[PDB]
$ cat protein29.tsv   # TSV, N, CA and C atoms
chain	number	residue	atom	x	y	z
A	1	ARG	N	-12.65	-4.57	-2.56
A	1	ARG	CA	-14.08	-4.49	-2.33
A	1	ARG	C	-14.85	-4.01	-3.56
A	2	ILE	N	-14.14	-3.59	-4.61
A	2	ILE	CA	-14.79	-3.16	-5.85
A	2	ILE	C	-15.34	-4.38	-6.55
A	3	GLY	N	-16.64	-4.34	-6.82
A	3	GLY	CA	-17.36	-5.48	-7.37
A	3	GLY	C	-17.85	-6.42	-6.30
A	4	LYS	N	-17.56	-6.12	-5.03
A	4	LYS	CA	-17.88	-7.02	-3.89
A	4	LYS	C	-18.95	-6.51	-2.90
A	5	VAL	N	-19.19	-5.19	-2.91
A	5	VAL	CA	-20.23	-4.60	-2.06
A	5	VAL	C	-21.61	-4.97	-2.56
A	6	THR	N	-22.37	-5.62	-1.67
A	6	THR	CA	-23.65	-6.25	-2.02
A	6	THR	C	-24.86	-5.32	-1.82
A	7	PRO	N	-25.96	-5.58	-2.57
A	7	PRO	CA	-27.24	-4.91	-2.32
A	7	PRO	C	-27.68	-4.93	-0.86
A	8	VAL	N	-27.57	-6.09	-0.18
A	8	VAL	CA	-27.90	-6.22	1.27
A	8	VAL	C	-27.07	-5.27	2.16
A	9	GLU	N	-25.77	-5.11	1.83
A	9	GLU	CA	-24.87	-4.21	2.56
A	9	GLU	C	-25.32	-2.75	2.47
A	10	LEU	N	-25.83	-2.37	1.30
A	10	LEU	CA	-26.39	-1.04	1.10
A	10	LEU	C	-27.71	-0.89	1.83
A	11	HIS	N	-28.52	-1.95	1.81
A	11	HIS	CA	-29.79	-1.99	2.55
A	11	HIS	C	-29.57	-1.86	4.05
A	12	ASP	N	-28.53	-2.54	4.54
A	12	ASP	CA	-28.17	-2.51	5.95
A	12	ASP	C	-27.57	-1.20	6.34
A	13	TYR	N	-26.82	-0.57	5.42
A	13	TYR	CA	-26.21	0.72	5.68
A	13	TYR	C	-27.24	1.82	5.81
A	14	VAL	N	-28.30	1.75	5.00
A	14	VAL	CA	-29.36	2.76	4.99
A	14	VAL	C	-30.26	2.58	6.18
A	15	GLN	N	-30.62	1.32	6.46
A	15	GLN	CA	-31.54	0.98	7.56
A	15	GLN	C	-31.01	1.40	8.92
A	16	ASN	N	-29.69	1.26	9.12
A	16	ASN	CA	-29.10	1.65	10.39
A	16	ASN	C	-28.28	2.95	10.50
A	17	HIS	N	-28.22	3.72	9.42
A	17	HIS	CA	-27.62	5.06	9.46
A	17	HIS	C	-28.53	6.19	9.01
A	18	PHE	N	-29.49	5.89	8.11
A	18	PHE	CA	-30.41	6.91	7.57
A	18	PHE	C	-31.67	6.98	8.46
A	19	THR	N	-31.47	7.31	9.74
A	19	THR	CA	-32.56	7.41	10.73
A	19	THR	C	-32.72	8.84	11.26
A	20	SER	N	-33.92	9.13	11.79
A	20	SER	CA	-34.30	10.47	12.30
A	20	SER	C	-33.28	11.16	13.20
A	21	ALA	N	-32.79	10.42	14.20
A	21	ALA	CA	-31.83	10.95	15.20
A	21	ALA	C	-30.42	11.21	14.63
A	22	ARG	N	-30.17	10.70	13.42
A	22	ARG	CA	-28.91	10.87	12.70
A	22	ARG	C	-29.07	11.82	11.52
A	23	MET	N	-30.24	12.43	11.39
A	23	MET	CA	-30.58	13.22	10.22
A	23	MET	C	-30.90	14.67	10.51
A	24	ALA	N	-30.74	15.52	9.48
A	24	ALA	CA	-31.18	16.93	9.50
A	24	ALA	C	-31.63	17.36	8.11
A	25	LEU	N	-32.80	18.01	8.04
A	25	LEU	CA	-33.37	18.51	6.77
A	25	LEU	C	-33.22	20.02	6.71
A	26	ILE	N	-32.44	20.48	5.73
A	26	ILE	CA	-32.14	21.92	5.58
A	26	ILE	C	-32.71	22.43	4.29
A	27	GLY	N	-33.42	23.56	4.39
A	27	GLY	CA	-34.10	24.18	3.28
A	27	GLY	C	-33.70	25.62	3.01
A	28	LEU	N	-33.63	25.95	1.72
A	28	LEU	CA	-33.34	27.30	1.26
A	28	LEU	C	-34.27	27.66	0.12
A	29	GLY	N	-34.99	28.76	0.29
A	29	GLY	CA	-36.07	29.13	-0.60
A	29	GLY	C	-37.30	28.25	-0.38
A	30	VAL	N	-37.43	27.72	0.85
A	30	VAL	CA	-38.60	26.92	1.30
A	30	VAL	C	-39.12	27.47	2.65
A	31	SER	N	-40.44	27.41	2.85
A	31	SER	CA	-41.07	27.82	4.11
A	31	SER	C	-40.99	26.70	5.16
A	32	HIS	N	-40.73	27.09	6.41
A	32	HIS	CA	-40.57	26.15	7.53
A	32	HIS	C	-41.73	25.16	7.75
A	33	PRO	N	-43.01	25.63	7.77
A	33	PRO	CA	-44.16	24.71	7.81
A	33	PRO	C	-44.14	23.57	6.77
A	34	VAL	N	-43.57	23.82	5.59
A	34	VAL	CA	-43.49	22.83	4.51
A	34	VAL	C	-42.40	21.79	4.82
A	35	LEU	N	-41.22	22.28	5.23
A	35	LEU	CA	-40.07	21.43	5.61
A	35	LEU	C	-40.36	20.60	6.86
A	36	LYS	N	-41.05	21.23	7.84
A	36	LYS	CA	-41.53	20.57	9.07
A	36	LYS	C	-42.58	19.51	8.74
A	37	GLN	N	-43.45	19.82	7.76
A	37	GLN	CA	-44.49	18.90	7.28
A	37	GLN	C	-43.88	17.61	6.71
A	38	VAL	N	-42.95	17.76	5.75
A	38	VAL	CA	-42.33	16.60	5.08
A	38	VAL	C	-41.48	15.75	6.02
A	39	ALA	N	-40.85	16.41	7.00
A	39	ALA	CA	-40.04	15.74	8.02
A	39	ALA	C	-40.91	14.89	8.96
A	40	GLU	N	-42.09	15.41	9.31
A	40	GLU	CA	-43.03	14.72	10.18
A	40	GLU	C	-43.80	13.62	9.44
A	41	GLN	N	-43.88	13.74	8.11
A	41	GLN	CA	-44.58	12.77	7.26
A	41	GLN	C	-43.66	11.64	6.76
A	42	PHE	N	-42.50	12.02	6.22
A	42	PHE	CA	-41.62	11.10	5.48
A	42	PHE	C	-40.25	10.80	6.12
A	43	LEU	N	-39.86	11.59	7.11
A	43	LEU	CA	-38.54	11.42	7.72
A	43	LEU	C	-38.53	10.86	9.14
A	44	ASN	N	-39.70	10.39	9.60
A	44	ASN	CA	-39.79	9.70	10.88
A	44	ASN	C	-39.40	8.22	10.75
A	45	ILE	N	-38.08	7.99	10.88
A	45	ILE	CA	-37.43	6.66	10.75
A	45	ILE	C	-36.64	6.36	12.04
A	46	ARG	N	-36.92	5.20	12.66
A	46	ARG	CA	-36.17	4.73	13.84
A	46	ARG	C	-35.34	3.45	13.55
A	47	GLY	N	-34.92	2.75	14.61
A	47	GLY	CA	-34.24	1.45	14.53
A	47	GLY	C	-32.87	1.42	13.86
A	48	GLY	N	-32.02	2.39	14.20
A	48	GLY	CA	-30.65	2.43	13.71
A	48	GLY	C	-29.64	2.31	14.83
A	49	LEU	N	-28.49	2.96	14.65
A	49	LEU	CA	-27.47	3.04	15.71
A	49	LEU	C	-27.60	4.37	16.50
A	50	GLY	N	-26.93	4.46	17.65
A	50	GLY	CA	-27.17	5.53	18.62
A	50	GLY	C	-26.29	6.76	18.54
A	51	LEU	N	-25.22	6.75	19.36
A	51	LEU	CA	-24.21	7.83	19.45
A	51	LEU	C	-23.44	8.09	18.12
A	52	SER	N	-22.44	8.98	18.16
A	52	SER	CA	-21.56	9.24	16.99
A	52	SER	C	-20.53	8.07	16.79
A	53	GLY	N	-21.08	6.84	16.71
A	53	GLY	CA	-20.33	5.59	16.51
A	53	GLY	C	-19.36	5.19	17.62
A	54	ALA	N	-18.52	4.20	17.31
A	54	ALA	CA	-17.41	3.80	18.19
A	54	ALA	C	-16.40	4.97	18.23
A	55	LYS	N	-16.12	5.45	19.46
A	55	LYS	CA	-15.22	6.60	19.70
A	55	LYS	C	-13.89	6.42	18.98
A	56	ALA	N	-13.61	7.32	18.02
A	56	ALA	CA	-12.41	7.25	17.15
A	56	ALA	C	-11.12	7.30	17.94
A	57	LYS	N	-10.43	6.15	17.97
A	57	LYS	CA	-9.23	5.97	18.77
A	57	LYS	C	-7.98	6.40	18.00
A	58	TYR	N	-7.32	7.45	18.48
A	58	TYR	CA	-6.06	7.92	17.90
A	58	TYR	C	-4.88	7.02	18.30
A	59	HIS	N	-4.02	6.76	17.32
A	59	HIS	CA	-2.97	5.77	17.42
A	59	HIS	C	-1.62	6.39	16.99
A	60	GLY	N	-1.58	6.98	15.80
A	60	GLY	CA	-0.36	7.52	15.25
A	60	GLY	C	0.40	6.46	14.49
A	61	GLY	N	1.34	6.91	13.67
A	61	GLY	CA	2.09	6.03	12.78
A	61	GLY	C	2.36	6.74	11.47
A	62	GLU	N	2.96	6.04	10.51
A	62	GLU	CA	3.30	6.63	9.22
A	62	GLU	C	3.11	5.73	8.02
A	63	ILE	N	2.48	6.25	6.98
A	63	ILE	CA	2.32	5.50	5.72
A	63	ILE	C	3.15	6.12	4.61
A	64	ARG	N	3.92	5.28	3.93
A	64	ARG	CA	4.90	5.70	2.92
A	64	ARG	C	4.66	5.06	1.57
B	1	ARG	N	7.58	1.31	-11.32
B	1	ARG	CA	8.84	1.13	-12.02
B	1	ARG	C	8.76	0.09	-13.14
B	2	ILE	N	7.61	-0.60	-13.26
B	2	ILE	CA	7.42	-1.58	-14.33
B	2	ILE	C	7.24	-0.82	-15.63
B	3	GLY	N	8.09	-1.15	-16.60
B	3	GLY	CA	8.14	-0.44	-17.86
B	3	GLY	C	9.05	0.77	-17.81
B	4	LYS	N	9.65	1.04	-16.64
B	4	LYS	CA	10.46	2.25	-16.42
B	4	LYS	C	11.97	2.03	-16.20
B	5	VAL	N	12.34	0.79	-15.83
B	5	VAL	CA	13.75	0.45	-15.66
B	5	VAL	C	14.46	0.39	-16.99
B	6	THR	N	15.51	1.21	-17.11
B	6	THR	CA	16.20	1.47	-18.38
B	6	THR	C	17.39	0.53	-18.63
B	7	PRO	N	17.74	0.31	-19.91
B	7	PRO	CA	18.99	-0.38	-20.27
B	7	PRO	C	20.23	0.15	-19.55
B	8	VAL	N	20.39	1.48	-19.47
B	8	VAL	CA	21.52	2.13	-18.74
B	8	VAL	C	21.56	1.73	-17.24
B	9	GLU	N	20.38	1.64	-16.61
B	9	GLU	CA	20.26	1.25	-15.20
B	9	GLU	C	20.76	-0.18	-14.97
B	10	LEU	N	20.49	-1.06	-15.93
B	10	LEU	CA	20.99	-2.43	-15.88
B	10	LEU	C	22.49	-2.47	-16.13
B	11	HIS	N	22.95	-1.63	-17.06
B	11	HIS	CA	24.38	-1.48	-17.36
B	11	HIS	C	25.15	-0.98	-16.14
B	12	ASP	N	24.55	-0.01	-15.44
B	12	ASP	CA	25.14	0.57	-14.24
B	12	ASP	C	25.10	-0.39	-13.09
B	13	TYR	N	24.05	-1.21	-13.02
B	13	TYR	CA	23.92	-2.19	-11.95
B	13	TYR	C	24.96	-3.29	-12.06
B	14	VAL	N	25.27	-3.70	-13.29
B	14	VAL	CA	26.23	-4.77	-13.54
B	14	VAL	C	27.64	-4.26	-13.36
B	15	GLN	N	27.91	-3.06	-13.89
B	15	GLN	CA	29.25	-2.45	-13.84
B	15	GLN	C	29.73	-2.22	-12.41
B	16	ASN	N	28.81	-1.82	-11.52
B	16	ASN	CA	29.19	-1.59	-10.14
B	16	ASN	C	28.81	-2.60	-9.05
B	17	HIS	N	28.21	-3.72	-9.45
B	17	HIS	CA	27.96	-4.84	-8.52
B	17	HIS	C	28.56	-6.18	-8.94
B	18	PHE	N	28.70	-6.40	-10.26
B	18	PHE	CA	29.23	-7.66	-10.79
B	18	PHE	C	30.76	-7.56	-10.94
B	19	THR	N	31.44	-7.32	-9.81
B	19	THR	CA	32.91	-7.19	-9.76
B	19	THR	C	33.57	-8.29	-8.93
B	20	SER	N	34.87	-8.52	-9.19
B	20	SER	CA	35.67	-9.59	-8.55
B	20	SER	C	35.53	-9.71	-7.04
B	21	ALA	N	35.66	-8.58	-6.34
B	21	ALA	CA	35.60	-8.53	-4.87
B	21	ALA	C	34.20	-8.79	-4.29
B	22	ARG	N	33.19	-8.76	-5.16
B	22	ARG	CA	31.79	-9.02	-4.81
B	22	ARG	C	31.33	-10.37	-5.34
B	23	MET	N	32.25	-11.14	-5.90
B	23	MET	CA	31.90	-12.37	-6.60
B	23	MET	C	32.53	-13.62	-6.02
B	24	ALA	N	31.90	-14.77	-6.30
B	24	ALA	CA	32.46	-16.11	-6.00
B	24	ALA	C	32.01	-17.11	-7.06
B	25	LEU	N	32.97	-17.90	-7.57
B	25	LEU	CA	32.71	-18.94	-8.59
B	25	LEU	C	32.77	-20.31	-7.94
B	26	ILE	N	31.63	-21.00	-7.94
B	26	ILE	CA	31.52	-22.32	-7.29
B	26	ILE	C	31.24	-23.38	-8.32
B	27	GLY	N	32.01	-24.47	-8.24
B	27	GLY	CA	31.94	-25.57	-9.18
B	27	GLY	C	31.67	-26.91	-8.55
B	28	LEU	N	30.88	-27.72	-9.25
B	28	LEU	CA	30.56	-29.09	-8.86
B	28	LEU	C	30.64	-29.99	-10.06
B	29	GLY	N	31.46	-31.03	-9.95
B	29	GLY	CA	31.80	-31.87	-11.09
B	29	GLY	C	32.76	-31.16	-12.03
B	30	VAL	N	33.54	-30.21	-11.49
B	30	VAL	CA	34.61	-29.48	-12.22
B	30	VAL	C	35.92	-29.52	-11.40
B	31	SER	N	37.06	-29.58	-12.09
B	31	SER	CA	38.38	-29.54	-11.46
B	31	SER	C	38.81	-28.10	-11.14
B	32	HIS	N	39.43	-27.92	-9.97
B	32	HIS	CA	39.86	-26.61	-9.47
B	32	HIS	C	40.75	-25.79	-10.43
B	33	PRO	N	41.82	-26.39	-11.02
B	33	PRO	CA	42.61	-25.70	-12.06
B	33	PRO	C	41.79	-25.08	-13.21
B	34	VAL	N	40.66	-25.70	-13.57
B	34	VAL	CA	39.78	-25.20	-14.64
B	34	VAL	C	38.98	-23.98	-14.17
B	35	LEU	N	38.39	-24.10	-12.97
B	35	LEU	CA	37.61	-23.01	-12.35
B	35	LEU	C	38.49	-21.81	-12.00
B	36	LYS	N	39.71	-22.09	-11.50
B	36	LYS	CA	40.74	-21.07	-11.22
B	36	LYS	C	41.20	-20.39	-12.51
B	37	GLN	N	41.33	-21.19	-13.58
B	37	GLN	CA	41.70	-20.69	-14.92
B	37	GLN	C	40.69	-19.65	-15.44
B	38	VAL	N	39.40	-20.04	-15.47
B	38	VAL	CA	38.34	-19.16	-16.00
B	38	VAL	C	38.14	-17.89	-15.17
B	39	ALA	N	38.34	-18.01	-13.85
B	39	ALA	CA	38.25	-16.89	-12.92
B	39	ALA	C	39.38	-15.87	-13.16
B	40	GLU	N	40.58	-16.38	-13.43
B	40	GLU	CA	41.75	-15.55	-13.69
B	40	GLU	C	41.73	-14.95	-15.10
B	41	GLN	N	40.99	-15.59	-16.01
B	41	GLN	CA	40.88	-15.15	-17.41
B	41	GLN	C	39.69	-14.19	-17.63
B	42	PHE	N	38.51	-14.58	-17.13
B	42	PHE	CA	37.25	-13.91	-17.46
B	42	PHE	C	36.53	-13.19	-16.30
B	43	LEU	N	36.95	-13.45	-15.07
B	43	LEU	CA	36.28	-12.87	-13.91
B	43	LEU	C	37.07	-11.80	-13.16
B	44	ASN	N	38.18	-11.36	-13.75
B	44	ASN	CA	38.95	-10.25	-13.20
B	44	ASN	C	38.34	-8.90	-13.63
B	45	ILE	N	37.37	-8.44	-12.82
B	45	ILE	CA	36.59	-7.20	-13.04
B	45	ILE	C	36.73	-6.30	-11.79
B	46	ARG	N	37.16	-5.05	-12.00
B	46	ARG	CA	37.24	-4.05	-10.91
B	46	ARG	C	36.23	-2.88	-11.11
B	47	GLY	N	36.46	-1.76	-10.40
B	47	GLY	CA	35.69	-0.52	-10.56
B	47	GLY	C	34.22	-0.55	-10.18
B	48	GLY	N	33.91	-1.18	-9.04
B	48	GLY	CA	32.54	-1.22	-8.52
B	48	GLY	C	32.44	-0.52	-7.18
B	49	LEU	N	31.53	-1.01	-6.34
B	49	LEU	CA	31.39	-0.52	-4.96
B	49	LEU	C	32.17	-1.44	-3.97
B	50	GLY	N	32.37	-0.96	-2.74
B	50	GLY	CA	33.31	-1.59	-1.80
B	50	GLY	C	32.76	-2.61	-0.83
B	51	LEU	N	32.43	-2.12	0.38
B	51	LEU	CA	31.86	-2.92	1.50
B	51	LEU	C	30.48	-3.57	1.16
B	52	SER	N	29.86	-4.22	2.16
B	52	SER	CA	28.50	-4.79	2.00
B	52	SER	C	27.41	-3.66	2.03
B	53	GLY	N	27.60	-2.65	1.16
B	53	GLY	CA	26.72	-1.49	0.98
B	53	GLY	C	26.59	-0.55	2.18
B	54	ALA	N	25.61	0.36	2.10
B	54	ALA	CA	25.23	1.22	3.22
B	54	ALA	C	24.64	0.33	4.33
B	55	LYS	N	25.25	0.40	5.53
B	55	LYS	CA	24.87	-0.41	6.70
B	55	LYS	C	23.36	-0.34	6.96
B	56	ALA	N	22.68	-1.49	6.83
B	56	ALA	CA	21.21	-1.60	6.95
B	56	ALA	C	20.70	-1.14	8.30
B	57	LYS	N	20.03	0.00	8.29
B	57	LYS	CA	19.56	0.66	9.49
B	57	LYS	C	18.17	0.15	9.91
B	58	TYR	N	18.11	-0.52	11.06
B	58	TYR	CA	16.84	-1.00	11.63
B	58	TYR	C	16.04	0.15	12.27
B	59	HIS	N	14.74	0.12	12.03
B	59	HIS	CA	13.84	1.21	12.35
B	59	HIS	C	12.62	0.67	13.13
B	60	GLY	N	11.95	-0.33	12.57
B	60	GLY	CA	10.74	-0.86	13.17
B	60	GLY	C	9.53	-0.09	12.69
B	61	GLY	N	8.36	-0.68	12.88
B	61	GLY	CA	7.10	-0.13	12.40
B	61	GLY	C	6.20	-1.25	11.94
B	62	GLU	N	5.04	-0.90	11.38
B	62	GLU	CA	4.06	-1.91	10.94
B	62	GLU	C	3.34	-1.58	9.65
B	63	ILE	N	3.27	-2.56	8.75
B	63	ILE	CA	2.51	-2.40	7.50
B	63	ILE	C	1.28	-3.28	7.50
B	64	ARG	N	0.14	-2.67	7.18
B	64	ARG	CA	-1.19	-3.32	7.26
B	64	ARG	C	-1.92	-3.30	5.93

$ encode --input "protein29.tsv" --output "structure tokens"
Amino acid sequence: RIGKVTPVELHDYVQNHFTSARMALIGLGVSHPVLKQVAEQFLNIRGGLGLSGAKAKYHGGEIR
Amino acid sequence: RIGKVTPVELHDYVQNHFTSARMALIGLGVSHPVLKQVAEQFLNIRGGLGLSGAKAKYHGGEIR
């Protein structure tokens, strides 16, 4: 996949994972009204995926 | 192992696998007395390993 990952794939990855319900803004040395302000102004993004993805199915096995 | 297999390793591989009891000389368009002659002259080599190696142990599994 090196040299094969496309601009569209990155666009699609951001559009459907970098959304409000999947995000958290953490601040240190910043006031809450400021962090709340920027989140309400610039971080209100919808239209992605929902839950914590497809439930990770455990299988087991060995790689050598 | 590419670039790592040594002259000694090849010497050891031949000395203990290229022996009489592990060998067969097959001829086509040659007379048997001639093939028997060369085998008795040049192919009488001992001091290798014995049986068909360590008995191949079946395990199972999957490579992806």

$ residues_around --input "protein29.tsv" --residues "residue 50 of chain A" --least-positions-apart "3" --cutoff "12 Å" --atoms "only C-alpha atoms" --output "list in words"
residues 16, 17, 18, 19, 20, 21, 22, 23, 46, 47, 53 and 54 of chain A

$ atom_distance --input "protein29.tsv" --atom1 "atom N of residue 3 of chain A" --atom2 "atom CA of residue 15 of chain A"
21.4 Å

$ atom_distance --input "protein29.tsv" --atom1 "atom CA of residue 25 of chain A" --atom2 "atom CA of residue 55 of chain A"
25.3 Å

$ atom_distance --input "protein29.tsv" --atom1 "atom N of residue 64 of chain A" --atom2 "atom N of residue 1 of chain A"
20.3 Å

$ interface_residues --input "protein29.tsv" --of "chain B" --to "chain A" --cutoff "9 Å" --atoms "only C-alpha atoms" --output "list in words"
residues 61, 62 and 63 of chain B

$ decode --input "protein29.tsv" --residues "segment 3-64 of chain B" --atoms "C-alpha atoms" --output "mmCIF file, in the first residue's frame"
data_model
loop_
_atom_site.group_PDB
_atom_site.id
_atom_site.type_symbol
_atom_site.label_atom_id
_atom_site.label_comp_id
_atom_site.auth_asym_id
_atom_site.auth_seq_id
_atom_site.Cartn_x
_atom_site.Cartn_y
_atom_site.Cartn_z
ATOM 1 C CA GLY B 3 24.114 -12.973 1.286
ATOM 2 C CA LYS B 4 24.506 -15.007 4.512
ATOM 3 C CA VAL B 5 24.846 -18.652 3.369
ATOM 4 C CA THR B 6 28.521 -19.561 3.741
ATOM 5 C CA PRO B 7 30.933 -21.734 1.691
ATOM 6 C CA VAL B 8 31.295 -24.033 4.798
ATOM 7 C CA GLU B 9 27.463 -24.471 4.927
ATOM 8 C CA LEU B 10 27.505 -25.680 1.316
ATOM 9 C CA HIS B 11 30.484 -27.932 2.098
ATOM 10 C CA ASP B 12 28.596 -29.358 5.071
ATOM 11 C CA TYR B 13 25.416 -29.771 3.047
ATOM 12 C CA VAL B 14 27.198 -31.794 0.352
ATOM 13 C CA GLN B 15 29.316 -33.868 2.761
ATOM 14 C CA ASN B 16 26.279 -35.052 4.708
ATOM 15 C CA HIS B 17 23.569 -35.303 2.016
ATOM 16 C CA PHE B 18 25.425 -36.186 -1.231
ATOM 17 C CA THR B 19 26.245 -39.773 -0.091
ATOM 18 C CA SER B 20 25.824 -43.246 -1.710
ATOM 19 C CA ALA B 21 22.842 -44.375 0.427
ATOM 20 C CA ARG B 22 21.014 -41.093 -0.408
ATOM 21 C CA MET B 23 21.826 -41.244 -4.123
ATOM 22 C CA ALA B 24 20.660 -42.804 -7.410
ATOM 23 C CA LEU B 25 22.349 -42.658 -10.859
ATOM 24 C CA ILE B 26 19.904 -42.841 -13.782
ATOM 25 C CA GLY B 27 20.960 -43.214 -17.392
ATOM 26 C CA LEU B 28 19.247 -42.886 -20.760
ATOM 27 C CA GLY B 29 21.059 -43.744 -23.953
ATOM 28 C CA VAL B 30 23.830 -45.293 -21.757
ATOM 29 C CA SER B 31 24.794 -48.980 -21.199
ATOM 30 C CA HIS B 32 24.407 -50.420 -17.664
ATOM 31 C CA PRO B 33 28.065 -51.676 -17.326
ATOM 32 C CA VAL B 34 29.201 -48.036 -17.938
ATOM 33 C CA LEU B 35 26.778 -46.491 -15.377
ATOM 34 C CA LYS B 36 27.618 -49.300 -12.875
ATOM 35 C CA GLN B 37 31.343 -48.641 -13.558
ATOM 36 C CA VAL B 38 31.179 -44.878 -12.792
ATOM 37 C CA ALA B 39 29.011 -45.486 -9.700
ATOM 38 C CA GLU B 40 31.515 -48.022 -8.312
ATOM 39 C CA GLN B 41 34.459 -45.713 -9.176
ATOM 40 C CA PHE B 42 33.224 -42.163 -8.384
ATOM 41 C CA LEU B 43 29.962 -42.442 -6.405
ATOM 42 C CA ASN B 44 31.127 -44.522 -3.436
ATOM 43 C CA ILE B 45 30.687 -41.801 -0.737
ATOM 44 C CA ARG B 46 29.869 -42.502 2.962
ATOM 45 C CA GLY B 47 29.725 -40.473 6.254
ATOM 46 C CA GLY B 48 26.417 -38.597 5.905
ATOM 47 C CA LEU B 49 22.989 -38.794 7.546
ATOM 48 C CA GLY B 50 20.830 -41.965 7.704
ATOM 49 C CA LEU B 51 17.014 -42.238 7.312
ATOM 50 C CA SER B 52 14.677 -39.844 5.363
ATOM 51 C CA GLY B 53 15.565 -37.123 7.991
ATOM 52 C CA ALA B 54 13.613 -36.058 11.091
ATOM 53 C CA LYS B 55 10.046 -37.443 10.588
ATOM 54 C CA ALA B 56 7.968 -34.530 9.170
ATOM 55 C CA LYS B 57 5.567 -33.532 11.925
ATOM 56 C CA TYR B 58 2.142 -32.293 10.740
ATOM 57 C CA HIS B 59 0.731 -29.403 12.745
ATOM 58 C CA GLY B 60 -1.818 -27.398 10.729
ATOM 59 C CA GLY B 61 -2.554 -23.684 10.815
ATOM 60 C CA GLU B 62 -3.036 -20.796 8.375
ATOM 61 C CA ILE B 63 -0.835 -18.187 6.694
ATOM 62 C CA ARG B 64 -2.447 -14.988 5.374
#
